[PDB]
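Q: Any chance you could fold what I've pasted below:
(2 chains)
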Amino acid sequence: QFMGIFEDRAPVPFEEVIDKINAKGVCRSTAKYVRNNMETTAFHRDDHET
Amino acid sequence: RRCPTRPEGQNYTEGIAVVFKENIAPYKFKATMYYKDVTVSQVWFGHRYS
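A: Numbering: from 1, shown residues only, chains lettered A, B, ... in the order given. Please see the structure below:
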């Protein structure tokens, strides 16, 4: 049973839009952003950055 | 001089008419929505409060 599903929309930083998405066509598997005055990081599948 | 003559006049065709305009009203029908509100509440019970 789901006891909770926190869904959020994080921005993609400038250094990822240009260096990753626009340059290589890829996106990082980690979302590092600022939410509620706090540095929050999320790892996809709780795995390493890819 | 040769005096002018009155025009014979337009020949009118008596009839019954129905005027249709472009339809803009959406098509409406009755539907039934079946769902379930699933609410999971996480409560921390303090010394005096919840």
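Q: State the number of residues packed around residue 15.
A: I went with chain A, as the question did not name one. Residue A:15 is flanked by 8 other residues according to other C-beta atoms under 10 Å in any protein chain shown. Heads up, the C-betas are built off the backbone N, CA and C, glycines and all.
Q: actually chain B
A: Residue B:15: 5 surrounding residues under other C-beta under 10 Å.
Q: what residues does chain A put near chain B?
A: Contact residues, chain A versus chain B (C-beta under 8 Å from any C-beta of the partner chain): A:1, A:2, A:3, A:4.
Q: Quickly name whichever of the residues you listed is closest to residue A:19.
A: Residue A:19 lies nearest to residue A:4 out of the residues of chain A next to chain B, by C-beta to C-beta, at 34.1 Å.
Q: Tell me which residue is most central in chain A.
A: For chain A, residue A:31 is the residue whose C-alpha lies nearest the centre (C-alpha atoms, centre = their mean; 1.5 Å).
Q: that older thread, chain B: which of the residues of chain A next to chain B is nearest?
A: Distance to chain B, by C-beta to the nearest C-beta, is smallest for residue A:3 among these, at 5.2 Å.
Q: can I assume the closest one is in contact with residue B:39?
A: No. With contact defined as C-beta atoms under 8 Å, residue A:3 does not count as touching residue B:39 (11.2 Å).
Q: name the element the residue nearest to residue A:3 when sequence neighbours are not counted belongs to?
A: Once flanking residues are discounted, residue A:3 sits nearest to residue B:40: 5.2 Å by C-beta to C-beta, 6 or more residues apart in numbering or on different chains. Residue B:40 is part of no helix or strand, with elements assigned from DSSP states H and E.
Q: Can you report how many residues lie near residue B:40?
A: 9.
Q: cool, and residue A:27?
A: 13.
Q: What residues of stretch A:12-27 count as buried?
A: Within stretch A:12-27, the residues that qualify as buried are residue A:16, counting by 16 or more other C-beta atoms under 10 Å in any protein chain shown.
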